[PDB]
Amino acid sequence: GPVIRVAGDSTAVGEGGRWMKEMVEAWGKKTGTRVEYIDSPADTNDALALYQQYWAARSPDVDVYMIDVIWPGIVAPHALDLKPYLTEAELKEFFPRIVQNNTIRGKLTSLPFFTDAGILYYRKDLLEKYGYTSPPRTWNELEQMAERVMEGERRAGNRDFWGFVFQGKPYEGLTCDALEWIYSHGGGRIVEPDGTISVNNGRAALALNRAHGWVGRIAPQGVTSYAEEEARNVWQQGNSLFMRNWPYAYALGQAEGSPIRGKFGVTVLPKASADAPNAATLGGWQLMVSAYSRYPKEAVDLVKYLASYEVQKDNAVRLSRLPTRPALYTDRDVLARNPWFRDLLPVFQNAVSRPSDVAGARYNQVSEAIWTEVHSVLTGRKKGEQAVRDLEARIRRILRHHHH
């Protein structure tokens, strides 16, 4: 019978890829359908480029793709419209914001699978050791805490110890981190939902200068090459007071044999001042049936399974990844394992989006401009003031003649 082939989630990031292959195999066994899994690269922008090769070829060789929240406007031609396959009641079981994000010109490109928001990981043991009672609320507090704890831990003999790790590599994850820096300084959304390119302002420049200030001081010099896993590995070995990362890192830090099990919490990222907005970049992944699949009915069935209550539950409990079903945030077993899901729900619902709606199919070009100009501040090549001016110009060229 058919072989249903799935591209999604990378075995190079946490346990995601192993778990996803497990779920696909479970569906195959349940339905008596042969299945195969195709591994993806760690970085989302690399995965996009890989999947674009299949799409350009109208290739039937992948039936189902795990797609990033920032992708629907790029990938819509390559997606089977799921709208006719779901009842209105079925669709309403997902967060409306994410169903809306995944709907492009009326086409439901993909079902919501898991959501994501950037958060602050912090070492509770180390805060207590050094006389702090709460995690930092302002970036200045984060810097002051990081300097004090680093001084102490280095004096105590840990030469691997840093104050703060984050994603500073030139790739999409830096766009995520930078949106949080800029938005939390009251510098705006880089490109506003209405199309205004707002980034050339002093608050956005300050945010970027601040982040440069961390490099080689409270964060490793090598942070300019860090993606999610490189940051996580410093953190997870016990060598960082603070980390910016996504929810998946929580379950990994709590696993048996983790050096930091039981020693951390999570909270909203800091902000410049009490009147700035909280910043948490909206992430997450969706499930797309390929427009080029020869087996749309079977592929839709698998996608519905993967996005189901019990599979999302298993993702939450085992991998601490955020459900796209509001009902799971009240499930006793989800909450018992991840109490912070309740505590930070408002952070997740107020997460700030990257400018993928407004940039539509040009988003990847816009983001490449953002991460390259930001990276030039991090590396010291440019000051924030010059970078936000140069970024304004670049985005203006990229989006000239584009309307949403």
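In this text, residue numbers run from 1 along the sequence as written.
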> Per the entry, where is the mean C-alpha temperature factor higher: 165-173 or 295-303?
Replying inline: 295-303
> Should the higher mean CA B-factor in the entry be assigned to 211-219 or to 149-157?
Replying inline: 149-157
> Considering only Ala76, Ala251, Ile260, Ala117, which residue's Cα atom bears the greatest B-factor as recorded?
Replying inline: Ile260
> If you check the C-alpha B-factor for each of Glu128, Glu180, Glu228, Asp331 in the entry, which is highest?
Replying inline: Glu128
> Compared with the other modelled residues in the chain, in which third is the CA B-factor of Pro193?
Replying inline: middle
> Going by what the PDB entry lists, where does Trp27 fall on CA B-factor within its chain: lowest, middle or highest third?
Replying inline: highest
>> Could you place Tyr54 in the lowest, middle or highest third of its chain by Cα temperature factor, using the values in the record?
In response: lowest
>> Could you place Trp235 in the lowest, middle or highest third of its chain by Cα temperature factor, using the values in the record?
In response: middle
> Going by what the PDB entry lists, where does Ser110 fall on CA B-factor within its chain: lowest, middle or highest third?
Replying inline: lowest
